[PDB]
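Going down the list, the protein sequences come from chains A and B.
Oh and the first sequence: position 186 is 663 in full-length UniProt numbering, straight run, nothing missing.
Oh and the second sequence: position 348 is 825 in full-length UniProt numbering, straight run, nothing missing.
In this text, a Cβ means the ideal position worked out from N, Cα and C, and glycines have one as well.
Report on one structure; see the data block that follows.
Number of protein chains: 2
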Amino acid sequence: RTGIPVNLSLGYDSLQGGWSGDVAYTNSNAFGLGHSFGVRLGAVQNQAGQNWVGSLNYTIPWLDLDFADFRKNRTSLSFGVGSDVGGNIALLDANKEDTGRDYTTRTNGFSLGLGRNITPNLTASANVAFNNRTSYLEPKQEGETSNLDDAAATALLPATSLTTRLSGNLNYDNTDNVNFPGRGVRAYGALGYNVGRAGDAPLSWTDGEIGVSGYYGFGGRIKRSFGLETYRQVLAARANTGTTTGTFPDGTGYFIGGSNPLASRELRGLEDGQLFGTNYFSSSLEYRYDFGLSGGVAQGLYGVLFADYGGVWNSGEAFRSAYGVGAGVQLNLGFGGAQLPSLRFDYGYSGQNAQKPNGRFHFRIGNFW
Amino acid sequence: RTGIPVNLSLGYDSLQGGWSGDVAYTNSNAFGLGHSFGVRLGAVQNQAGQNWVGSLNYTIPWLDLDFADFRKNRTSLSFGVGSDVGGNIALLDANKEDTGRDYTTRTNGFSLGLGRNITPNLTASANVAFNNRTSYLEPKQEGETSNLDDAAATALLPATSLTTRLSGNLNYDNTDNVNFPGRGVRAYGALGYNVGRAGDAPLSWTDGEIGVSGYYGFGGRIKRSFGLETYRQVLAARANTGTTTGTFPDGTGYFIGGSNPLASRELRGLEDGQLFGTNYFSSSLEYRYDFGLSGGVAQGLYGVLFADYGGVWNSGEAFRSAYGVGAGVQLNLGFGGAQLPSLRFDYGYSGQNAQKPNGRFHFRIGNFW
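Below you can see the structure in the form of structure tokens.
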């Protein structure tokens, strides 16, 4: 019975695809000396050619090479062989046309990562990854305004690029828990330099992203006897920024808009990935109130009234941004012996939305952040 | 983490599709009084339109209604809502043409089953199932000899049939174990009457299948301290038969040829589903020797030298059959904390094979039967 896949992770990310499901088999102890072996295999609703993604990581805690001072709790060495898909990416060219059908990317990557723990709050890592990116044109999914043919569009696909990316990450957390942070600050900073051959020309660039978040409880005491104490009301304020400098192939940048599982690119009230920019800044503030419901079939329920502001700009300085105001509810279901992934339903409005003068709904399967 | 899917079952059945994978979440205790709830979701390599199959069963052990003498441990009441696919079925018509591309069937079924245990060896069941069958034409997978168009072929697809099938099953086992039967006889008999509307005409028929198998050990004693005692050498002889009488839509029958996970339709040495008949009889005999290997990464290994004989016939009495001789090896892998599904590699030859005068290989992921 292939042992156990720890999770059939049901993930939603409207940017990449309709729905996603990943089965993950982890094995903490392997080869007899505490080696962690994980295999992920997922299916992502691509409405396109490629439908299966995969990953295979193998990580080493307590590497003692007796080289480069590696004597303290400072070594985690991880191999990763993976293949992911980027879906529904708009098709562009030197004319910056919008009449292309679509553009799906297969990324086959081999990565080596060295991870360090400075203080139990802090974490750092350095990953070097060789990525092969291939393209797959698709015909129309349905009736949309376009005028192209297969041959010219296939010619318009960027060639299979071979790139190498060396990056570092630094994460700082001192919060009281992982799901409903009462009092603390969570910050992170990533920076990566990469270089690769797209067709016959070599393009090299770099990118970075910083982000801070603060959570302060507001006069509450809820006691899950197992789960310590969390405030009834918590004010959360986050600000994230990102940049990309250098020369890069077309189709690389950042998309902000709507709700997204990664908190640093979510702008409720717009179309998913409506704001595209080479560098960006977003920030939001929200009341989060824990509805006093526990047990039963719903492990918990929280509500949020948020205000969000952010936007993108390009090398030509034009700070194109948007507003967002809305109300959301997160529900955690646990009637399966173990916690199934939480759901988040939000209603948001933005003044910069084009075809929706009224607000709309955002569905995200993800943590509360 | 959606709890735990008990198994990512990797299944191979060259008749239906290239490869298959099913994730199954079972819950023995549900609603507080011992109710079994199971959800299966599988992806089957269809090389066609439909790619996702599913099932949802809910069974009641020891139902007590105070009705119909139900005072013993004799009642298992099961609801089942499912949807499966039949793939790569040849496309036929009134001309019995072979130039059709393919014919895939979606079967959406709702079934109710009542099961009885007569003696701990014996078991019986009666299932009533309403099935809706839909068809899906596909263009060519690759270069093959055909000459048709989309419109006429789509017209050639039988309409979405609505059928009801009432069937009974009777299984009798008294063997010493479930994987390597030493001394015993396993027999089964199924019989089902069904009636349904295909297009505007109502077709009704019935079918049945009997089967016996005998396993006798040959001078061996292997002692897995946990797993009792199994003989080194065991002679196994099986004979299965099946019939279908009445009027039925075209495309219903039995396929025999090659190795198949279900033992009552496997004839090693031919193309998978090369012998098609409205009723059939097959039988085989085999030495099975347990290779004295245990522990390590391979939970076990057995070898077989088999002789197989069987064939089909239609209403017009023509007993078209074939021979089969070959050697196979079954390997059970267990280096994943729990037993992953066993593999069976076989090399077989048949005198009635057309394009392979020499034998060929059969791969089957399944039990030893």
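- For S771(A), no CB of chain B lies under 8 Å from its own CB, so it is not counted at the interface with that chain.
- The three-state reading of DSSP puts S741(A) in helix, counting H, G and I together.
- By the neighbour-count criterion, in which a residue is buried when 16 or more other Cβ atoms sit within 10 angstroms of its Cβ, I595(A) is exposed.
- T631(B) is outside the set of residues whose beta carbon lies under 8 Å from a beta carbon in chain A.
- The beta carbon of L533(B) does not come within 8 Å of any beta carbon belonging to chain A, so the residue lies off that interface.
- Assignment of beta-bridge partners to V483(B) by DSSP yields no partner.
- With 16 or more neighbouring CB atoms inside 10 Å of its own CB, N671(A) falls in the buried class.
- With fewer than 16 other CB atoms across the displayed protein chains lying within 10 angstroms of its CB, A815(B) is exposed.
- Of the residues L625(B), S681(B), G723(B), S486(B), the one whose Cα lies closest to the Cα of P818(B) is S486(B).
- Counted as a single uninterrupted DSSP element, the stretch harbouring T552(B) is not any alpha helix (DSSP H), since DSSP gives it neither H nor E.
- Those residues of the segment 792-821 of chain A placed with their C-beta closer than 9 Å to a C-beta in chain B are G813, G814, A815, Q816, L817, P818, ordered along the chain.
- For the segment 696-784 of chain A, the full-length beta strand (DSSP E) segments reaching 3 residues or more read 710-723, 731-733, 752-754, 756-768 along the chain.
- Taking CB atoms only, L487(A) has a neighbour in chain B less than 8 Å away.
- Between the alpha carbons of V483(A) and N504(B) lies a gap of roughly 16 Å.
- Under the 10 Å beta carbon count, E794(B) is surrounded by fewer than 16 other beta carbons and is classified as exposed.
- Between the alpha carbons of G509(A) and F758(A) lies a gap of roughly 47 Å.
- Of the candidates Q493(A), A545(A), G557(A), the residue whose Cα lies closest to the Cα of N528(A) is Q493(A).
- Less than 8 Å divides the Cβ of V806(A) from the Cβ of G780(A).
- Here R583(A) is near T611(A), since their CB atoms are less than 8 Å apart.
- Boundaries for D823(A): no alpha helix (DSSP H) harbours it, while the beta strand (DSSP E) harbouring it runs 820-826, taken from the DSSP string.
- CA-CA distance, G735(A) to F838(A), rounds to 9 Å.
- Following the DSSP letters along the chain, one finds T503(B) in no alpha helix (DSSP H) but inside the beta strand (DSSP E) bounded by residues 494-504.
- Two segments are said to touch when three or more pairs of C-beta atoms, one from each, lie closer than 8 Å; by this definition the segment 796-805 of chain B touches the segment 734-748 of chain B.
- Under the 8 Å criterion on CB atoms, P482(A) is classed as interfacial with respect to chain B.
- Between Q618(B) and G526(B), the alpha-carbon positions lie close to 11 Å from each other.
- By alpha-carbon distance to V500(B), the top candidate from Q832(B), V530(B), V789(B) is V530(B).
- Membership of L808(A) in the beta strand (DSSP E) is indicated by the continuous run 797-810.
- Per the Cβ contact rule, the segment 537-556 of chain A is not in contact with the segment 568-578 of chain A (fewer than 3 Cβ pairs under 8 Å).
- Shown here for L540(A): same chain residues with a beta carbon closer than 6 Å to its own, the five before and five after excluded, namely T552, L554 in chain order.
- In the DSSP assignment, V789(A) is bridged to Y757(A), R797(A).
- Membership of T611(B) in any alpha helix (DSSP H) is not indicated; the residue belongs instead to the beta strand (DSSP E) covering 599-613.
- Under the criterion of beta carbons closer than 8 Å, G685(B) and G719(B) qualify as touching, at roughly 7 Å.
- In the DSSP assignment, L633(A) falls within the unbroken alpha helix (DSSP H) covering 627-633.
- Residues of chain B with a Cβ closer than 8 Å to the Cβ of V500(A) are, in chain order, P482, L485, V500.
- With distances taken between CA atoms, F840(A) lies nearest to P738(A) out of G754(A), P738(A), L782(A), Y613(A).
- Classified as exposed, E621(B) has fewer than 16 neighbouring CB atoms from the shown chains inside 10 Å of its CB.
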